[PDB]
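Q: Once you've had a glance at the structure underneath, I'll fire off some questions.
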Amino acid sequence: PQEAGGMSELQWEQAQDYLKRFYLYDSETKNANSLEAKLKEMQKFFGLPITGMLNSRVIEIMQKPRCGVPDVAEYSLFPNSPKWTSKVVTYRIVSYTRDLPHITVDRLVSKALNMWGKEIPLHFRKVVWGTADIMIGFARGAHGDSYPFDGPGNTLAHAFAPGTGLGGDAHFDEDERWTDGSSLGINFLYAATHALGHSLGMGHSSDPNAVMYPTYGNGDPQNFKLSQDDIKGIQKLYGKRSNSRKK
Ligand SMILES: [Ca+2]
Ligand SMILES: [Ca+2]
Ligand SMILES: [Zn+2]
Ligand SMILES: [Zn+2]
């Protein structure tokens, strides 16, 4: 439809900002010409082939929601290996959103987290007494951590890397819409694979059928399943695999 033709400067400029936050709001990449190189890495990060452009898929994704985890990091004392080295992983829900009953949130977090575990020799464990590694809560950036709330729209959910006992948690922007049967806003199952995937130190992928595919296409999946590219992606680190194997 060529909607970009009738867009204003404000829209094109907004794009600069929407992506600026996707990799931390750092003035180090603040220059007119850098736009070209800086979109170059965005376009490949997503995978979409139109490089050097800002109008077709590239604007669509700026406006569509996706994830709230920056795609960069810079710290020392990093834990053993980027993904969960531990022999086991544990996970517990902190609170639940009114859109969904606790039972539902709980079984979705697990039905995705478990899929991840089912593609690798890692092992997973149920929680019935004590705290866990990955806490799953609903909250706004002003709950008690860095990164602003954003509100609805851009920035879907922040999550943390498997580091320390406190780090590794997954969060859900409570402002965002969260539901399964209704199949209206963001599917918990689908986002859960993504949010929980970051809890395992997994990164985004470029394949059009990826499970952490950042080019979200809206809608809710009926059954949902893991992707080939993510299964091989993770097995390169853990060596052996379980070839998904699910119902
Ligand atoms: Ca949001
Ligand atoms: Ca944790
Ligand atoms: Zn993400
Ligand atoms: Zn937080």
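Each chain in the structure tokens gets a letter, A, B and so on, in the order shown; residues start at 1 in every chain, and ligands are counted from 1 in the order they appear.
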Write out as a list in words each polymer residue whose atoms come within 10 Å of residue A:57, counting only C-alpha atoms; drop sequence neighbours fewer than 3 positions from it.
A: residues 43, 46, 48, 49, 50, 53, 54, 60, 61, 62 and 215 of chain A
Q: Kindly provide, as a list in words, all nucleotide and amino acid residues lying within 10 Å of ligand 3, counting only C-alpha atoms and all ligand atoms.
A: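 Listing the residues within 10 Å of ligand 3 gives residues 22, 66, 67, 68, 69, 70, 71, 155, 156, 157, 158, 159, 191, 193, 194, 195, 196, 197, 198, 202, 203, 204, 205, 212, 213 and 214 of chain A.
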Q: Could you give me, as a list in words, every polymer residue with an atom at most 10 Å away from an atom of ligand 4, counting only C-alpha atoms and all ligand atoms?
A: residues 137, 138, 139, 140, 141, 142, 143, 144, 145, 146, 147, 148, 149, 157, 158, 159, 160, 169, 170, 171, 172 and 173 of chain A
Q: Ligand 2: which residues are within 6 Å, counting only C-alpha atoms and all ligand atoms, as a list in words?
A: residues 133, 134, 135, 165, 166, 167, 168 and 169 of chain A
Q: Leaving out stretch 237-240 of chain A and any residue of its chain fewer than 3 positions from it, which residues lie within 9 Å of it when counting only C-alpha atoms, given as a CSV table (one decimal) with C-alpha atoms, in the first residue's frame?
A:
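File produced: out-v4.csv:
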```csv
chain,number,residue,atom,x,y,z
A,83,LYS,CA,23.2,-19.7,28.9
A,120,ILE,CA,18.1,-29.7,25.1
A,121,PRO,CA,19.7,-32.1,27.7
A,122,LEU,CA,19.1,-29.5,30.4
A,233,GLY,CA,20.9,-22.4,17.7
A,234,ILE,CA,20.8,-23.5,21.3
```
Q: Name the residues in contact with residue A:42 at a cut-off of 10 Å, using only C-alpha atoms, excluding same-chain residues fewer than 3 positions from it; report them as a CSV table (one decimal) with C-alpha atoms, in the first residue's frame.
A:
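Resulting contents of selection-v3.csv:
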```csv
chain,number,residue,atom,x,y,z
A,19,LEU,CA,15.2,2.1,18.0
A,22,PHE,CA,16.1,-0.9,21.7
A,23,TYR,CA,19.9,-0.8,22.4
A,37,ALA,CA,25.2,2.3,9.6
A,38,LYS,CA,23.0,2.1,12.7
A,39,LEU,CA,20.0,1.0,10.6
A,45,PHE,CA,19.5,-8.0,13.5
A,46,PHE,CA,15.8,-8.4,12.4
A,47,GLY,CA,16.7,-10.4,9.3
A,48,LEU,CA,14.4,-8.6,6.9
A,51,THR,CA,18.8,-2.9,4.2
A,52,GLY,CA,19.5,0.9,4.1
A,58,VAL,CA,11.4,-1.4,9.0
```
Q: Residues at most 7 Å from ligand 1, using only C-alpha atoms and all ligand atoms? Could they come as a ChimeraX atom specification?
A: /A:150-156,173,175-176
Q: Could you please determine the separation between atom CA of residue A:59 and atom CA of residue A:15 in Å, to one decimal place?
A: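 Those two atoms sit 6.9 Å apart.
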Q: Name all residues at most 7 Å from residue A:119 (count only C-alpha atoms; drop same-chain ones fewer than 3 positions away) and give them as a list in words.
A: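 Here the qualifying residues turn out to be residues 115, 116, 231, 241, 242, 243 and 244 of chain A.
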Q: Hey, can you spit out that residue selection with C-alpha atoms as a compact mmCIF listing (two decimals), in the first residue's frame?
A:
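Writing done, so here's result-v5.txt:
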```txt
# COMPACT_ATOMS: atom_id res chain seq x y z
CA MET A 115 9.20 -26.48 25.43
CA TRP A 116 12.62 -24.81 25.62
CA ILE A 231 16.57 -25.53 18.27
CA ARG A 241 19.55 -32.25 21.77
CA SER A 242 16.06 -33.79 22.18
CA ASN A 243 14.76 -32.72 18.71
CA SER A 244 11.84 -30.89 20.37
```
